[PDB]
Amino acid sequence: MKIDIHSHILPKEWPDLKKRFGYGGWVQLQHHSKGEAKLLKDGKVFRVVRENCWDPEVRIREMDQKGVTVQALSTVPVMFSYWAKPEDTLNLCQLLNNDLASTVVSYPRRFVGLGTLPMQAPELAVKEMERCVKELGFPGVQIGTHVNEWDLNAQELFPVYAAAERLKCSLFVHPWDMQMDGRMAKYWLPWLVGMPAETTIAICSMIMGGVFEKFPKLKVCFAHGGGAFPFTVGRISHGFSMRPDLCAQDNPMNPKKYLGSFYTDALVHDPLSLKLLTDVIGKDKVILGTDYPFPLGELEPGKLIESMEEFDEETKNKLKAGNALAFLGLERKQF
C-alpha cells in the first residue's frame, strides 16, 4: 500500500505484428465490448483483460482507492517474444518501452518503467538497455526466467549483466514460457505450479552459474516470493554440499551464502509464507508486488503485509516501499 513493484500494462493498441514482421505467433489486443478486451495469439483467445490493463487514468483511480502511491509498470510477459527474429523483437521492445515511458511522463510521481529487452540477441539487448536507462529514464528492466534454451547462467548473457551492473539497471525476473501442454494442460498448473518452479530454476541458475559472484553489485528481484526457493533452499543447499561435482563446477560457494544478495516480491498470498519469506530472504530484501491487474495477484495491495502481527512498523514500511526504493535506486522525494 505504497509501492507496487509487480504490475503489468499494455498499450491500448498496437500494429498488426504479422503484417509488420511477416510471420505469426505474435499477440494482439482486441477491443470488443466496452471496458473489456481479448489478447489473441494467431487464433485462440489467450486472456481477457479490462481497461485497467491499458488505461492509466483508470489505474490511478484504483491506485487511489487502494492506497498505492506508485506502480512499477512492466509489459505482460507473453510480450517477451524471445523466440522471434532479434531485430523484430527489438522493434517490438522499442514500441513497448516508448509506450511505457509515455505513460510515465504523464504521471512521473505515480509510475516508474521497467523496460523489456531482446534477450535472445545480447548485443541488441545491451543497447536497448542503455536506451531505456539513459534516454527513457527507466530504473530497470523485466526479463524472463530463461531465454529459449538459455537459463540465466548462460555466459551468452554475461554482457547483459555487465551492462546492467555498469548502468545501475535493476533486473526484475518474471517466470515465463513454462510448459503449457501435455500433463501441464490442466488445473491451471502452468500458473499455479510451473511459474514458481521457473523462478526456483532461475534463482538456482544465477547462484550456481556464478552470476551473483561475478556481478556483486547487480540488483535482481524475483517474482512471487522466489517461487519455491525459500522453502526448498535447505534441499538445494544440502544437495550442493553433497555433490559438488554436479553443482559446484561453475561457482564453488554454497547457495546459502547468497541469501541477502537478491530481492523477491512479497506476492505469496498467505501469512505463513510471507513470514518464512522474510525469515529466509531478509526484511530488507522483500518488496511488495501485486501482479496488478491480473486475478492471480493480491486483490488488496499490501493488505497481507498490513495484517502481519509479527512485523513492527519499520518492517512493514520496508516491505511496502523502502525496499523497492533501494532496489530501484530511487529516493522518496519524487513520489
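Residue numbers run from 1 along the displayed sequence. What we label the rigid core is the largest C-alpha set whose atoms superpose within 1.5 Å from one form to the other.
Chemist: Hey, after superposing on the core, which one moves around more in 4 other deposited structures of this protein, 40-48 or 281-289, CA-wise?
Modeler: Stretch with the higher C-alpha RMS distance in 4 other deposited structures of this protein: 40-48.
Chemist: Quick one: higher average CA temperature factor, 256-264 or 194-202?
Modeler: Comparing averages over the C-alpha atoms only gives 256-264.
Chemist: Could you check the entry and say whether 185-193 or 130-138 has the higher mean CA B-factor?
Modeler: Mean CA B-factor is higher for 130-138.
Chemist: Among 167, 171, 73, 228, which carries the highest Cα B-factor?
Modeler: Of the candidates given, the C-alpha B-factor peaks at 167.
Chemist: Compared with the other modelled residues in the chain, in which third is the CA B-factor of residue 155?
Modeler: Its C-alpha B-factor belongs to the highest third of this chain's values.
Chemist: Ordered by C-alpha B-factor within the chain, which third holds residue 9? Give me lowest, middle or highest, please.
Modeler: Bottom third by C-alpha B-factor.
Chemist: With respect to C-alpha B-factor, does residue 46 fall in the lowest, middle or highest third of the chain as deposited?
Modeler: Residue 46: CA B-factor falls in the highest third of its chain.
Chemist: Just say lowest, middle or highest third for the CA B-factor of residue 62 relative to the other modelled residues in its chain.
Modeler: Highest third - that is where residue 62 ends up once the chain's C-alpha B-factors are sorted.
Chemist: Comparing against every modelled residue in the chain, figure out the third that the C-alpha B-factor of residue 216 lands in (lowest, middle or highest).
Modeler: It falls in the top third of the chain.
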